[PDB]
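J.: PDB entry and its sequence, pasted below:
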Amino acid sequence: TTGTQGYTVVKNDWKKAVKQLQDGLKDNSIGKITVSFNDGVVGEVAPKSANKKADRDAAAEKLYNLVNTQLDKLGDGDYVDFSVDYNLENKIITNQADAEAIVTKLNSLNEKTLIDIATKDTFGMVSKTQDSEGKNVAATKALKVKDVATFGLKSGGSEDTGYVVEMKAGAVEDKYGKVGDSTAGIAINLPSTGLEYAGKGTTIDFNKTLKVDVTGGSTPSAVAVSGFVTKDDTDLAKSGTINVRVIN
């Protein structure tokens with residue numbers, strides 16, 4: 001069947017499996033777990049309201065007690081099935097600290113140079129106001145990360161709802177060109193998408209994030225700086241249902 005993900009783990013390793021089905025509830029990736037004994041359904045676990053930390057925690061602890069004992073002495077040739085309905089798009093960052101750390105990692109890129117001050121031979125940042133002769137002038141500063149964007153938590157984040165890391169485009173007057181050139185430099189396209197990071201089973205790819213892209217090679221036509229670019233955490237499909245069977 002299209003989209004069946006199977007996992008099967010040993011009795012001696014259940015403590016950790018349940019743990020991580022718990023964290024999946026607590027961080028909001030798991031919407032529902034149907035649990036079965038050999039294999040007649042015993043019950044379903046789910047937060048009564050999913051936008052609430054208390055409920056997610058209650059649901060996790062509910063999952064423990066439900067299977068705690070049955071697995072603790074899982075008979076020979078027996079099993080407990082977890083039909084895990086999940087959607088990684090709902091996964092959230094639960095503690096502010098973990099969000100703040102991402103912000104600070106971003107701020108640790110602030111002084112990084114994206115594009116050099118222009119020369120007469122080499123494209124770079126030129127001022128936006130041409131000299132008296134109508135020729136571009138070098139800029140006062142290089143284009144640095146901190147000129148392109150500012151970093152922080154989106155307002156109104158909570159343990160309930162999750163914390164979001166946000167970048168706000170800066171404003172750049174300076175342009176992209178060669179010093180001494182008659183033609184005005186071109187404007188830097190700043191990040192206008194990828195402005196937020198909320199987890200969602202991804203992580204920020206810092207090789208592709210806040211990256212400059214110049215197009216046109218010998219004859220530049222556009223310059224852009226990317227916002228957040230992320231990569232997936234696992235090989236898991238983004239949403240669906242995995243069966244996790246526990247046997248001995």
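T.: Perfect, I can see it now. Residues are numbered from 1 along each chain as shown.
J.: Just the endpoints, please. Distance across stretch 26-42?
T.: Its first and final residues considered, stretch 26-42 spans 22 Å by C-alpha to C-alpha, to the nearest Å.
J.: Flag every buried residue along it.
T.: By neighbour count, with 16 or more other C-beta atoms under 10 Å as the criterion, the buried positions of stretch 26-42 are 26, 27, 28, 29, 30, 31, 32, 33, 34, 35, 36, 37. From N, CA and C alone the C-beta is placed, and that goes for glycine too.
J.: same thing with stretch 127-144?
T.: Applying 16+ other C-beta under 10 Å to stretch 127-144 flags 127, 128, 130, 135, 136, 137, 138, 139, 142, 143, 144 as buried.
J.: my guess is the second one meets residue 185, correct?
T.: Yes: between residue 128 and residue 185 a contact is recorded at 7.2 Å, counting by C-beta atoms under 8 Å.
J.: Overlap of the contact sets of the two?
T.: Both residue 128 and residue 185 are in contact with 174, 175, where contact means C-beta atoms under 8 Å, 6 or more residues apart in numbering.
J.: immediately after the helix or strand harbouring residue 102, which helix or strand?
T.: Using DSSP states H and E, residue 102 falls within helix 96-107. Sequence-wise, the next helix or strand downstream of helix 96-107 (DSSP H and E) is strand 113-115.
J.: what sits up against that next one?
T.: 124-125, 142-145, 147-148, 176, 188, 210, 212, 223, 225.
J.: ok, now with 7 Å
T.: Outside of strand 113-115, the residues within contact range by C-beta atoms under 7 Å, 6 or more residues apart in numbering are 124, 125, 142, 143, 144, 145, 148, 176, 212, 225.
J.: Parallel or antiparallel, which strands does that strand pair with?
T.: Paired with strand 113-115 in the same sheet, following DSSP bridges, are strand 143-144 (antiparallel).
J.: picking up where we left off before, make a ChimeraX selection of the buried ones in the contacts of strand 113-115.
T.: Selection of buried members from these for ChimeraX, criterion 16+ other C-beta under 10 Å:
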select :124,125,142,143,144,145,148,176,225
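J.: would you turn the contacts of strand 113-115 into JSON lines with secondary structure and distance to residue 43?
T.: Shown next, in JSON lines, are these (DSSP: H, G, I helix; E, B strand; the rest coil; distance: C-beta to C-beta, whole Å):
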{"residue": "124", "secondary structure": "strand", "distance to residue 43": "65"}
{"residue": "125", "secondary structure": "strand", "distance to residue 43": "63"}
{"residue": "142", "secondary structure": "coil", "distance to residue 43": "61"}
{"residue": "143", "secondary structure": "strand", "distance to residue 43": "58"}
{"residue": "144", "secondary structure": "strand", "distance to residue 43": "56"}
{"residue": "145", "secondary structure": "helix", "distance to residue 43": "51"}
{"residue": "148", "secondary structure": "helix", "distance to residue 43": "52"}
{"residue": "176", "secondary structure": "strand", "distance to residue 43": "62"}
{"residue": "212", "secondary structure": "strand", "distance to residue 43": "54"}
{"residue": "225", "secondary structure": "strand", "distance to residue 43": "51"}
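J.: helices and strands around the longest helix along the chain, which ones?
T.: Counting by DSSP state H, the longest helix found in the chain is helix 53-72. Helices and strands touching helix 53-72, by 3 or more C-beta pairs under 7 Å, 6 or more residues apart in numbering; DSSP states H and E, are helix 14-26, strand 30-37, strand 40-45, strand 79-87.
J.: Just put these in TSV and tack on distance to residue 195.
T.: Formatted as TSV, the helices and strands packed on helix 53-72 follow (distance: least, C-beta to C-beta, whole Å):
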stretch	distance to residue 195
helix 14-26	27
strand 30-37	27
strand 40-45	35
strand 79-87	22
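J.: closest one to residue 97 among the ones you listed?
T.: helix 14-26 (15.4 Å; C-beta to C-beta).
J.: contact partners of that closest one?
T.: Contacts with helix 14-26, where a contact means C-beta under 7 Å, 6+ apart, come from 9, 30, 33, 47, 56-57, 59-60, 63-64, 67, 71, 82, 84, 86, 94, 244, 246.
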